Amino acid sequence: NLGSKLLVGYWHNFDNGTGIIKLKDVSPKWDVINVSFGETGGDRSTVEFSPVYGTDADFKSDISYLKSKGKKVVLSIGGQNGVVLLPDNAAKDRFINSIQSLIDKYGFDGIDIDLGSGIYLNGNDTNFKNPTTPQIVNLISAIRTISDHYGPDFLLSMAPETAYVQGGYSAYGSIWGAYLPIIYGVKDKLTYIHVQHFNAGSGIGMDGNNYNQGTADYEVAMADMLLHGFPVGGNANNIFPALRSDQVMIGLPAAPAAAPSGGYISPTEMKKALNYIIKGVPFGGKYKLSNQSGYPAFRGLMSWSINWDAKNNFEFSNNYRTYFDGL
């Protein structure tokens, strides 16, 4: 079903100046389309979604079309202007029910967790294998419940910011490391994770060195932490285990403007990072990969976004599709 080298692209269910792309006009180079976004109202727990164009039937039909072409269409929950709060079981149930309703209604292939607020590790929540914070416990539970409610081809992805994942190397509390229990809690159902390697400033690798976003070294350092695992919160006895290589992707801006706070990397530089991550071929960078000979099963690239890509001469899709096809 799903290929071993993927391009996952976010699709704007809204017009932010880059315009609307009808689903059938989405470049075939994208293997997975993350429809953005499912959003909540007053109760911050019931997720709603209405297509930006066409009737509900029309939209479902376009999705069915994409699916017939081998593409996956995923519902992304978030993001910048999305918020899900599950303080208790009642909220969790509204969340589960609303999501399942949407999946059925439109025929989504799965869900993408793209929540960048309302997620914190409470005081005393110190063990990523056994979280205690309601938001986190309930999210894990809801995700597992939803996943179990659908067949083997259900797709589960997530796009946390680096502080929530790799940031766990520095601290475990508040937002720092906060997605680690989520990842660990659903690892057996996780298709892949694509951390947002952008609007991130700098990041500390497993070598204790600081790297700047938008550089080949940074891309390798951040991905390697998921490919290899790493000690959490300065505790050598608290190691976050490696994910399967096929569960690891990297999230990138399709264009400089797609990440106004920085993060964009030129395909030329990114290919150096990819060749190092995948084939173990160095490029003279400062960061030394955990595995000398690479992680060939590395899953691919995610991008914000399909709409930005189309506005930027299809630079992202053309460059990386050709790269991965060439493997």
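Numbering starts at 1 and follows the sequence shown.
Higher average CA B factor: 18-26, of the stretches 301-309 and 18-26. As listed in the deposited structure, the average C-alpha B-factor of 62-70 and of 279-287 is greater for 62-70. Residue set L190, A257, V84, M249: peak C-alpha B-factor at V84 (per PDB entry). Within the listed group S261, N34, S45, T268, the record reports its top CA B-factor for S45. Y150 sits in the highest third of its chain by CA B factor, as recorded in the PDB entry. Among the modelled residues of its chain, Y164 has a C-alpha B-factor that falls in the lowest third, as given in the PDB entry. In the PDB entry, a CA B factor belonging to the middle third of its chain's modelled residues is recorded for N124. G233 sits in the middle third of its chain by CA B factor, as recorded in the PDB entry. When the CA B factors of the chain's modelled residues are split into thirds, the value for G173 lands in the lowest one.
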